[PDB]
Amino acid sequence: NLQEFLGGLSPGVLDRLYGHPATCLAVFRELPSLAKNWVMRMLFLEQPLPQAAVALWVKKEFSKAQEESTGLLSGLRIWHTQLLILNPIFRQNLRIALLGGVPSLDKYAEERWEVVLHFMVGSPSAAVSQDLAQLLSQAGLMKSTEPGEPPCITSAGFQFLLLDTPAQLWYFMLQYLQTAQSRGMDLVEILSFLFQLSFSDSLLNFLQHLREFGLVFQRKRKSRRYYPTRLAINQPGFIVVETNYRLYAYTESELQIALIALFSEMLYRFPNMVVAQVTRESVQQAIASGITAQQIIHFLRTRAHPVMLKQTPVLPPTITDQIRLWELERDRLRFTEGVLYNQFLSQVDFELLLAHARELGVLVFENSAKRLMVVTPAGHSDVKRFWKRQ
Amino acid sequence: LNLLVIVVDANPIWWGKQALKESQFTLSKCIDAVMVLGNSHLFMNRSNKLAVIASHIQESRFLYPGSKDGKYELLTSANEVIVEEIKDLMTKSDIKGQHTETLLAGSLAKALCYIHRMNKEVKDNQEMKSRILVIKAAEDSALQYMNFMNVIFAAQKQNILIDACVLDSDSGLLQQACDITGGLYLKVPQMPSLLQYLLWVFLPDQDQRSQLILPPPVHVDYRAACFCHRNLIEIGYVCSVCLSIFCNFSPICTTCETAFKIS
Amino acid sequence: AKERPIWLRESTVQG
Amino acid sequence: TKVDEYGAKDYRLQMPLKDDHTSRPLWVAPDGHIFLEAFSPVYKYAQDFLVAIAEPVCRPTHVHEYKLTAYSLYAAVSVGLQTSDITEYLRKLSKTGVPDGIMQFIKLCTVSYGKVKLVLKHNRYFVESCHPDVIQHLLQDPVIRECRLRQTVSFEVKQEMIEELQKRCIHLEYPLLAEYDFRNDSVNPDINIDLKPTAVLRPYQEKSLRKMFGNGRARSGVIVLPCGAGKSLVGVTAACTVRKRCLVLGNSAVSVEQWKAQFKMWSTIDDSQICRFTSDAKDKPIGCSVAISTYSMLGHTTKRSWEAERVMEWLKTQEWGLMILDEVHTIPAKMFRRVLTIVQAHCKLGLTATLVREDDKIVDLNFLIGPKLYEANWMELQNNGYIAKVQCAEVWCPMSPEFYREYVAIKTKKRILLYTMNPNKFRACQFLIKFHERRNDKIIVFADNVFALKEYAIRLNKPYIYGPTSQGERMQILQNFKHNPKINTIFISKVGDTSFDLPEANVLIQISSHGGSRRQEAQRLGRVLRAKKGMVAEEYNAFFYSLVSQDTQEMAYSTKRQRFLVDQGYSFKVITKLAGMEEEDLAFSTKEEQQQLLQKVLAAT
Ligand SMILES: [Zn+2]
């Protein structure tokens with residue numbers, strides 16, 4: 001989440017990131033419940049106050065909210081104890097932020113994201129962009145290993161594909177920022193633009209990438225002014241599930257049919273409908289590719305036709321249980337690398353080695369009755385060194 | 001979400017008395033503080049919405065239905081609209097010596113129906129917790145008791161909190177009003193430091209008000225008096241028609257003219 | 001009374 | 001014909017889409033498959049029309065699946081639906097048009113009907129035809145000449161070769177008409193049989209009877225109805241309506257007894273007018289007309305006792321207005337099918353509840369008797385309450401380690417006796433039976449292996465029944481199960497699924513299965529479908545458990561066996577583990593007991 005992203009930052013980058021225009025407001029909106037109230041209170045104070053007052057300024061009931069808010073805002077470093085006055089820079093910027101100082105766009109965003117997903121999947125016809133391809137490859141969801149041949153899709157790629165559009169896009173942009181730092185693009189400058197959206201060379205390239213993703217559209221031959229789409233700021237279902245593992249999806253966009261075929265066997269394709277079967281072959285194929293039953297169940301639930309919404313649960317228990325059992329059977333045999341021991345002359349030495357392995361985290365499994373254990377190869381060197389040291 | 005409504009009692013007689021006195025506090029600063037409070041309320045969340053009403057002896061008018069200084073566009077629009085409308089209202093006003101007491105019941109009625117309209121229009125998916133941050137600035141009128149009580153009971157039934165913020169005077173009617181609906185009652189004695197009071201006592205919404213320490217409520221004197229005297233009375237002799245608190249047993253209450261039968 | 005068994009009322013699969 | 005990048009066939013360039021597709025709830029695939037919506041407001045009308053012109057293959061709650069064939073279209077024409085009368089409404093209902101392939105198929109199937117009619121008179125089968133060109137171009141192959149015994153043109157045909165000629169015509173594209181004009185028939189006098197007002201006909205029964213009697217002439221076909229739905233009542237009503245000599249064919253002594261009881265109960269026909277042409281007992285079969293007999297006797301191939309020979313000659317000589325055949329799924333058998341040609345009947349109605357089998361001989365029924373007239377909707381009956389709602393479940397029992405070791409180690413087929421008898425399933429069935437016994441639910445345990453059935457029954461001291469069990473003891477055990485409160489469970493063998501009149505049971509556990517037999521699965525499931533006096537559909541009072549052993553061939557057999565039930569719509573819920581099993585004390589709680597059971601299994605040989 002954005003809270004995680006901002007928490008994973010240093011004070012030096014934090015205070016700089018607290019730009020005047022928007023950041024002080026975007027980070028404010030993050031404040032879940034109560035820290036908003038304290039920020040407004042001590043927005044006008046130039047004198048720090050004791051911590052005991054903040055501690056006792058919440059009733060005995062629901063105190064956990066007080067501690068969690070205080071910890072979150074301490075991590076954000078909005079104030080300093082100074083002994084709890086807010087940062088002067090943040091105070092000034094917030095005062096300046098507080099009385100101081102479309103139908104075609106959404107369709108465009110939808111179409112651009114749909115073509116991006118088409119390229120992500122093995123679609124023969126898709127938008128071509130070397131920068132987009134390499135960006136997705138380095139995002140960790142795609143690997144090519146051969147420039148001549150089109151890149152394939154890694155295990156994480158299918159999991160990313162089956163995610164919902166909001167979370168999918170949010171994770172994609174998170175990876176974009178993480179790779180932006182690696183490629184050398186300043187993180188603060190690009191990050192501030194995202195906050196400003198919800199209200200230089202690097203800026204131009206970043207806006208080009210955002211437009212390629214479909215969040216923004218200049219509409220004027222790449223002019224300075226931009227009109228963000230709905231997705232920039234941050235629908236009914238169509239699948240009907242039977243009790244015989246049969247899916248009838250009212251899909252016209254090829255993306256939905258491809259997503260369903262990823263874990264189901266297609267039987268018929270009507271102009272406004274498609275029939276597929278969820279069989280062991282397809283489900284285990286998806287599981288081997290890397291998906292887990294949770295993603296499939298969530299995908300079918302979110303794309304649930306209104307007809308089956310009346311019944312509770314929406315997805316039939318037999319279908320859900322069958323999918324879960326199919327995924328479990330694949331991982332019945334759990335493989336874990338390790339090194340076995342044999343010929344323990346005395347159990348005292350074995351117990352001492354067990355205690356050492358437990359302390360170091362090396363041990364994976366132990367058997368007192370048989371006087372043996374298993375250690376991962378990483379800890380094999382450590383235990384071997386201990387044995388040599390005697 | 002939350003729909004806040006600021007009912008400012010901008011009585012020209014009293015505020016101009018302050019202006020003549022040349023006191024530190026002024027109606028301009030009061031309007032600025034109210035503006036800051038509304039801006040902070042909307043600052044709290046996007047879904048939150050606000051409105052403003054100004055009271056005058058004649059009538060009450062709504063003060064509220066790019067980034068030149070690098071400002072948020074919506075709050076900039078709020079600032080401009082409120083400033084222009086308040087200046088217009090204060091600049092233009094007829095003179096009527098007979099009527100000088102500030103009017104508040106009508107303003108609160110306008111508020112209540114406005115909240116009802118917004119509650120009807122808003123989607124049923126999101127629940128709205130409306131509030132009325134009344135800011136009195138002058139003594140109330142005796143003749144307004146009945147209508148003010150009607151609107152207070154309507155607010156109680158409709159579940160709106162009347163947070164009174166009287167200053168320079170303690171209106172027993174207004175404290176009684178907010179007590180009925182459970183709204184907070186704060187009497188700021190330091191007018192220059194009024195805005196700090198808003199950002200603590202009033203600003204937090206009903207959702208978080210319970211889980212927060214706020215000044216204790218003031219004792220309310222639910223007095224009763226006979227229609228003869230207007231003096232406190234502990235025993236009242238009401239009839240079945242007037243429902244009027246009277247002085248002492250009488251053959252017939254004047255306001256009724258009923259043919260009471262002795263016994 | 002005459003309520004259905006637990007293992008039929010809710011899925012017994014570990015998920 | 002066109003295949004997309006995926007498995008599904010492509011029809012983007014095949015047929016168009018109607019603009020008012022949302023209004024139209026019907027789909028039409030080129031292969032003949034039709035997908036109807038159960039949520040559309042016109043669902044009832046669409047269901048009636050699609051049932052009239054097509055046979056269901058899958059009817060889940062939301063989207064029903066039908067497929068039409070030549071036999072279904074012939075049945076539609078028999079009930080009197082013309083090619084236009086069906087195709088115009090099909091196009092109107094269809095939300096994506098009608099492919100030219102289906103159009104031409106419907107036209108050809110409808111036109112190729114009624115040209116050739118088969119009528120039996122004076123013990124002679126004449127192939128009548130108003131059009132003579134049909135016969136002129138039908139006498140090309142020599143089989144017709146060799147078969148034939150050595151306008152409105154008709155010729156006599158040999159009795160024995162009727163089946164061969166009929167199956168030949170089916171692929172010759174000239175189906176024969178078996179309609180019986182019982183209304184206009186003076187050769188055989190009508191029998192004094194009437195339907196008493198006491199009998200009550202349910203709406204689905206009336207609909208099936210109407211589809212059979214689409215016109216004044218009765219149609220010969222197969223009506224599939226659940227055993228608890230009153231198929232016996234439907235057959236009795238059909239015979240009463242026919243008002244001519246009726247020969248009912250059961251499959252066993254219990255079947256013939258039940259048929260006689262149903263006849264007496266629901267028909268005013270006198271007792272003396274009904275006979276039981278049965279070896280165990282007879283009631284002067286030649287004396288009266290309405291007869292009940294058995295396939296085994298009528299098709300008996302070996303020596304015939306003199307009295308039975310006289311009766312058989314009388315039956316062959318006489319002509320029957322109606323030939324009712326219960327449990328038609330066994331008809332395509334050699335001896336059983338020989339009975340069709342052995343006996344003469346105008347219309348041979350067929351009744352059953354599990355019209356499914358592995359060998360592709362079910363298709364032969366379409367010509368052996370006729371097209372499948374009606375097939376009751378099990379889900380709709382459940383909703384209407386005519387049939388008790390069933391909470392179908394499959395209890396997965398993990399196989400014990402040693403048992404799995406021997407099972408996998410041996411490549412022989414002792415596994416049938418091994419995995420059917422494992423400690424985990426034994427404990428599971430014991431715990432389930434205990435839970436239902438304390439719940440006052442009647443239990444009917446099933447097991448194909450008599451050895452395993454006997455072992456389980458002795459270990460649980462319960463009254464197991466099986467083939468060579470004495471009839472008196474069988475009746476005593478059934479009476480005790482029905483009446484004695486102290487006992488509420490009976491362990492029946494395969495004989496149970498064949499034919500019986502057993503009391504309604506609240507649960508049905510199946511520890512073992514004969515194999516991938518949809519017939520057996522449906523037959524055993526039908527036992528608990530008996531609706532209670534005042535139950536409710538949503539209460540799920542009836543339960544069916546099909547215990548299976550994990551990681552064994554039993555899983556494959558169960559999955560292949562539940563196909564018919566899932567097609568009907570029943571959702572089999574999987575139960576990996578049962579709550580309270582650990583706390584409850586059960587047999588085989590120690591390694592030693594499993595060891596002795598394994599040793600006994602190994603010594604079984
Ligand atoms: Zn009165």
# chains A, B, ... in the order shown; residues from 1 in each chain; ligands from 1
>>> residues_near_ligand(ligand="ligand 1", cutoff="10 Å", atoms="only C-alpha atoms and all ligand atoms", output="MDAnalysis selection string")
chainID B and resid 237:246 252:260
>>> closest_atom_pairs(of="chain A", to="chain B", cutoff="7 Å", atoms="only C-alpha atoms", output="tab-separated table")
residue	atom	partner	partner_atom	distance
A:21	CA	B:70	CA	6.4
A:29	CA	B:45	CA	6.5
A:36	CA	B:44	CA	6.6
A:37	CA	B:204	CA	6.7
A:40	CA	B:199	CA	6.4
A:41	CA	B:199	CA	5.5
A:57	CA	B:213	CA	6.1
A:58	CA	B:212	CA	5.0
A:59	CA	B:212	CA	5.6
A:61	CA	B:211	CA	6.8
A:62	CA	B:211	CA	6.6
A:97	CA	B:71	CA	6.3
A:98	CA	B:39	CA	6.7
A:99	CA	B:36	CA	6.7
A:101	CA	B:69	CA	4.8
>>> select_by_dssp(residues="region 42-107 of chain D", states="strand (DSSP E)", output="MDAnalysis selection string")
chainID D and resid 55:58 63:67
>>> closest_residue(among="D:390, D:421, D:602, D:447", to="chain C", atoms="only C-alpha atoms")
D:390
>>> select_by_dssp(residues="region 37-164 of chain B", states="helix (DSSP H, G or I)", output="MDAnalysis selection string")
chainID B and resid 37:44 73:91 105:121 142:158
>>> interface_residues(of="chain A", to="chain C", cutoff="8 Å", atoms="only C-alpha atoms", output="list in words")
residues 317, 321, 324 and 325 of chain A
>>> interface_residues(of="chain D", to="chain A", cutoff="9 Å", atoms="only C-alpha atoms", output="MDAnalysis selection string")
chainID D and resid 4 6:12 15:17 21 27 29 39 58 60:63 96 563 566:567 569:574
>>> atom_distance(atom1="CA of residue 166 (chain B)", atom2="CA of residue 114 (chain B)")
22.6 Å
>>> residues_around(residues="region 174-185 of chain A", least_positions_apart="6", cutoff="10 Å", atoms="only C-alpha atoms", output="tab-separated table (two decimals) with C-alpha atoms, in the first residue's frame")
chain	number	residue	atom	x	y	z
A	1	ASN	CA	0.00	0.00	0.00
A	2	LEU	CA	0.96	3.66	-0.29
A	5	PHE	CA	5.70	2.74	0.33
A	135	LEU	CA	10.03	-2.32	-18.57
A	136	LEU	CA	7.68	-5.26	-18.05
A	138	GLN	CA	12.57	-5.91	-15.69
A	139	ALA	CA	9.45	-5.51	-13.53
A	140	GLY	CA	9.90	-9.17	-12.54
A	141	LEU	CA	6.75	-10.48	-14.26
A	168	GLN	CA	-2.91	-4.85	-10.73
A	191	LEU	CA	6.16	10.44	-6.89
A	201	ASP	CA	13.51	15.22	-18.98
A	202	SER	CA	12.55	12.81	-16.20
A	203	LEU	CA	9.07	14.32	-15.97
A	205	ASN	CA	9.72	10.42	-19.85
A	206	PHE	CA	7.59	9.53	-16.81
A	209	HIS	CA	5.25	6.00	-19.66
>>> closest_atom_pairs(of="chain D", to="chain C", cutoff="10 Å", atoms="only C-alpha atoms", output="JSON lines")
{"residue": "D:391", "atom": "CA", "partner": "C:8", "partner_atom": "CA", "distance": 7.6}
{"residue": "D:392", "atom": "CA", "partner": "C:8", "partner_atom": "CA", "distance": 9.1}
{"residue": "D:393", "atom": "CA", "partner": "C:8", "partner_atom": "CA", "distance": 7.7}
{"residue": "D:395", "atom": "CA", "partner": "C:7", "partner_atom": "CA", "distance": 9.7}
{"residue": "D:435", "atom": "CA", "partner": "C:5", "partner_atom": "CA", "distance": 9.0}
{"residue": "D:436", "atom": "CA", "partner": "C:5", "partner_atom": "CA", "distance": 9.5}
{"residue": "D:439", "atom": "CA", "partner": "C:2", "partner_atom": "CA", "distance": 7.6}
{"residue": "D:440", "atom": "CA", "partner": "C:2", "partner_atom": "CA", "distance": 9.4}
{"residue": "D:441", "atom": "CA", "partner": "C:2", "partner_atom": "CA", "distance": 9.9}
{"residue": "D:539", "atom": "CA", "partner": "C:4", "partner_atom": "CA", "distance": 8.1}
{"residue": "D:540", "atom": "CA", "partner": "C:4", "partner_atom": "CA", "distance": 7.7}
{"residue": "D:541", "atom": "CA", "partner": "C:4", "partner_atom": "CA", "distance": 8.0}
{"residue": "D:543", "atom": "CA", "partner": "C:8", "partner_atom": "CA", "distance": 9.5}
{"residue": "D:573", "atom": "CA", "partner": "C:8", "partner_atom": "CA", "distance": 7.5}
{"residue": "D:574", "atom": "CA", "partner": "C:11", "partner_atom": "CA", "distance": 7.8}
{"residue": "D:575", "atom": "CA", "partner": "C:12", "partner_atom": "CA", "distance": 5.6}
{"residue": "D:576", "atom": "CA", "partner": "C:13", "partner_atom": "CA", "distance": 6.0}
{"residue": "D:577", "atom": "CA", "partner": "C:12", "partner_atom": "CA", "distance": 6.2}
{"residue": "D:578", "atom": "CA", "partner": "C:7", "partner_atom": "CA", "distance": 6.1}
{"residue": "D:579", "atom": "CA", "partner": "C:7", "partner_atom": "CA", "distance": 6.7}
{"residue": "D:580", "atom": "CA", "partner": "C:6", "partner_atom": "CA", "distance": 9.9}
>>> residues_around(residues="residue 51 (chain A)", least_positions_apart="4", cutoff="8 Å", atoms="only C-alpha atoms", output="PDB file with C-alpha atoms, in the first residue's frame")
ATOM      1  CA  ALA A  55      -1.079  10.064  25.674  1.00  0.00           C
ATOM      2  CA  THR A  81       9.729  15.254  20.372  1.00  0.00           C
ATOM      3  CA  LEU A  84       5.750  17.104  19.769  1.00  0.00           C
TER       4      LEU A  84
END
>>> atom_distance(atom1="CA of residue 586 (chain D)", atom2="CA of residue 426 (chain D)")
8.9 Å
>>> residues_around(residues="residue 125 (chain D)", least_positions_apart="5", cutoff="10 Å", atoms="only C-alpha atoms", output="list in words")
residues 118, 119, 120, 154, 155, 156, 157, 158, 159, 162 and 344 of chain D
>>> residues_around(residues="residue 279 (chain A)", least_positions_apart="3", cutoff="9 Å", atoms="only C-alpha atoms", output="count of residues only")
7
>>> atom_distance(atom1="CA of residue 273 (chain D)", atom2="CA of residue 347 (chain D)")
21.0 Å
